[PDB]
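Here the structure is laid out as structure tokens; the discussion comes afterwards.
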Amino acid sequence: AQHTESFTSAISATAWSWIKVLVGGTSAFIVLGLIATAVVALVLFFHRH
Amino acid sequence: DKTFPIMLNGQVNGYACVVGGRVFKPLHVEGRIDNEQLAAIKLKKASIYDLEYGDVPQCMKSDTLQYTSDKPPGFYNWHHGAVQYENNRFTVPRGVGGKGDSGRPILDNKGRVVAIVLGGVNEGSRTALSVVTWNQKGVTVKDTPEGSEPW
């Protein structure tokens, strides 16, 4: 071979799209859960005050 | 009867009451309710308020206490006598109540439950109570004076 292969040489645009969707979706879902927990904590605080 | 003692080894650990159609008891009260109709009920753990609750059986629906959120300053009644409420604080004279009295309800001049006692703080001649009450909008809240000991 006249060239040098790299770790990401074989990752296609569609493969990157799916990787981004899986990582972003799972991260966004986690953030949604954390945000909802913090918001409800504030709602309860306002319930007492 | 609308209040039922909770006993673990034959000693009274706390009391349960039926308010608004639900059975209430504190989380820290161990033992079984003397009424088998209530003791057999699976209770949800509302750790937010240190209360266990469940649905009143149809056979016990008549033994339900009315509650209200309208709690103006004044004196209220409970199993140990009068209770004074002022400045958003529930207070009883020192020595009135103690360990085992958690879960008792506080009633107004019309017999409506306004609070459930969880514990209290001895403040000199008077003891402040930790109670579960409804705010001016009727939302359940937990009032806990600093250092309150669960009863």
query = Computed on alpha carbon atoms, what radius of gyration and Dmax characterise the protein assembly as shown, expressed in Å?
reply = 25.4, 96
request  = Beyond 26 Å between alpha-carbons counts as too far, so tell me which of B:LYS2/B:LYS45; B:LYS45/B:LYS110; B:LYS44/B:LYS110; B:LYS42/B:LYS71 fall in that bin.
outcome  = B:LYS45/B:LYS110; B:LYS44/B:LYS110; B:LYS42/B:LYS71
ask   = Short version: what are the Cα gyration tensor semi-axes of chain A, square root of 5 times each eigenvalue, largest first, in whole Å?
value = 46, 9, 4
query = Using the 10 angstrom Cβ neighbour count as an exposure proxy, how do B:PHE90, A:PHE45 rank, fewest first?
reply = A:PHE45, B:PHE90
message = I want to check the label-to-label distance for B:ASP70 and B:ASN135. Put each point 7 Å from Cα in the C-beta direction and report it in nm to one decimal.
response = 2.1
message = Counting only other residues whose beta carbon sits under 12 Å from that of B:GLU123, what net charge do I get with K and R as +1, D and E as -1?
response = +2
Cleavage-rule hits (trypsin sites (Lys or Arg not before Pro)) in the range B:22-62: DSSP loop, at most 15 neighbouring Cβ within 10 angstrom = B:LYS42, B:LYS61
request  = Pull out a ≥ b ≥ c, the square roots of the eigenvalues of the alpha-carbon gyration tensor of the range B:20-70, then state rounded if a/c is under 1.5, prolate if not and a/b is larger than b/c, and oblate in the remaining case.
outcome  = oblate
message = Bin width 10 Å, origin at 0, all Cα-Cα pairs of the range B:7-142: what percent of pairs per bin?
response = 12, 43, 36, 9, 0
Computed [θ] at 222 nm, helices only, for chain B once each DSSP H run of length n ≥ 4 contributes -39500 (n - 2.57) = -500 deg cm²/dmol
inquiry  = With an 8 Å Cα cut-off and a minimum separation of 6 or more residues, compute the relative contact order for chain B in percent.
reply    = 20
query = Cα axis of helix A:13-48 to longest principal axis of chain A: angle in degrees, 0 to 90, nearest 10?
reply = 10
request  = Round to a whole angstrom and tell me the spacing of the C-alpha centers of the range B:69-114 and the range A:2-42.
outcome  = 55
ask   = Can you give the calculated 222 nm mean residue ellipticity of chain A, where each DSSP H run of n ≥ 4 adds -39,500 (n - 2.57) and the sum is split over every residue, rounded to the nearest 500 deg cm²/dmol?
value = -27000 deg cm²/dmol
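Values quoted throughout were computed directly from the atomic coordinates according to the rules given, and no laboratory measurement underlies them. Here the Cβ is made from the backbone with ideal geometry for all residues, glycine too, and neighbour counts use every protein chain on show.
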